[PDB]
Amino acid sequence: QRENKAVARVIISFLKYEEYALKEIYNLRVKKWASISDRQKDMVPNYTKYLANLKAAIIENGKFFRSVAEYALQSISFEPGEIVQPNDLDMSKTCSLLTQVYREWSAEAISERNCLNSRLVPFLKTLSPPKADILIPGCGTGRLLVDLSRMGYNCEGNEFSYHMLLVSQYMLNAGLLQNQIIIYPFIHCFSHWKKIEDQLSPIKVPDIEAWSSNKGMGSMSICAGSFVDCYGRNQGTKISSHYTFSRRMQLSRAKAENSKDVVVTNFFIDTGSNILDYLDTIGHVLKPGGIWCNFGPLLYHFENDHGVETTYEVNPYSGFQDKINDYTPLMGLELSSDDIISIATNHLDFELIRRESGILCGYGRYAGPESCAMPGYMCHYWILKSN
């Protein structure tokens, strides 16, 4: 399937991390050291030992990605035609998974995760029914699904990146022991260091032990696909790259209507080319009286993207696609916090329940005692209730 071609590319990308990282961050720095004058070499006498340590760290990270790949390979059978090589974007995504894994599965990143948990968890425990059905769009490798399902909620994550999905199935189902894996997730960042040894900091993952998903006590599932495709409205939503009209997705959207008690968007609401599709989908999938909790920045992903996609409408009489627009820009609709909440309250029958602005929180941020990494984002937080 097309799914299998994508998965193959990601698995090969995992297997090739070491070679790519050596080429990308190691080789030219050996060449740079070699090219400076002996006089300048003496100013940095430990540079070559540093580069040896950086190479060792790359090899360890390669061991992690190889283990994830082998785990995926125990359950996927290809075709000769379905094995396609990864491009450079695949390799960069694989390198950034180190940051994602640090963020979602290390003890050092606990406070960064507590920005959201410290606000959402008290609210859920006191005012929302465990057990409840919670949907988590753009769930990443799925830490939040573990935390919430361990409180007894039925948690469905949604994720369209196969990089994320493959790491996710590894971290959730491989039976990892607490602190089993040592990775070096900061070695691709060469900036902001007070002490260079911090860049080579070892990080143990996962920071939590395995716990069973038990029927009737909080489960986990995942829609692999685009959010709007999996759960969108079945009428009135333009078809695009992120919205298809095949029978499968029409059925998934039909069963998705009023199916969730809670939607939690966490660094997600700003990821799309049309946030209004996201708002429509949240209102569709939530029951009356359900709550949408959002936490994260408003850093619009396509703000500088001048690409265009193709959009259509579904003809009511024929059911066929119609009203073709092949010049639909990806940029646009970069809405403010106030306008998102105002659209929800005045057009989608929501009532504002909680709101906080300017919550400084990092994303995969180095958190050591002398950290000077980029401080993070000013995050917006709100809870709206459908009615």
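Counting begins at 1, following the sequence as shown.
Per the PDB record, of the two stretches 1 to 9 and 377 to 385, 1 to 9 carries the greater mean B-factor over its C-alpha atoms. When the two stretches 176 to 184 and 244 to 252 are set side by side, the higher mean Cα temperature factor goes to 244 to 252. Of the candidates 138, 283, 296, 218, the one whose C-alpha carries the top B factor in the deposited record is 218. Of the candidates 335, 57, 30, 359, it is 30 whose Cα B-factor is highest according to the PDB record.
Sort the modelled residues of the chain by CA B factor and residue 277 lands in the lowest third. Annotation for residue 142: C-alpha temperature factor in the lowest third relative to the rest of the modelled chain, per the entry.
Residue 42: CA B factor in the highest third of modelled residues in this chain (values from the PDB entry). When all modelled residues of the chain are sorted by CA temperature factor, residue 84 is found within the highest third. Sorting the modelled residues of the chain by their CA temperature factor places residue 353 in the lowest third.
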